[PDB]
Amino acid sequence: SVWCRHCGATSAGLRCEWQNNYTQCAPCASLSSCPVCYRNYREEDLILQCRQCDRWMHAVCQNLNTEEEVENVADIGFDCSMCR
């Protein structure tokens, strides 16, 4: 299993049905595919989380090209291009 950060439970990690039985919330959807480029993440993709829209996305899809850049903006507070 995994922990769900939304409810704190040990979880099967089922598809989100927050929006409707067929529709994830954008935050849950953003765990599996990038909301910028709409590609499924590949194992080892560098991703970070916007503090506004609560979505994960590719660092490269926000012109963050290194771990160093990703750590610096994530540390101080990351506001993605979509929310700016």
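Residues carry their position along the shown sequence, with the first being 1.
**Student:** Select lowest, middle or highest to describe the third in which the CA B-factor of residue 10 falls within its chain in this entry.
**Tutor:** Tercile = lowest for this residue's CA B-factor.
**Student:** In terms of the chain's CA B-factor thirds, is residue 49 lowest, middle or highest?
**Tutor:** It belongs to the lowest third of the chain when residues are ordered by C-alpha B-factor.
**Student:** Where does the C-alpha B-factor of residue 21 rank in its chain, lowest, middle or highest third?
**Tutor:** Its C-alpha B-factor belongs to the highest third of this chain's values.
**Student:** Taking the C-alpha B-factors as the PDB entry records them, is residue 29 in the lowest, middle or highest third of its chain?
**Tutor:** According to the entry, residue 29 has a C-alpha B-factor in the chain's lowest third.
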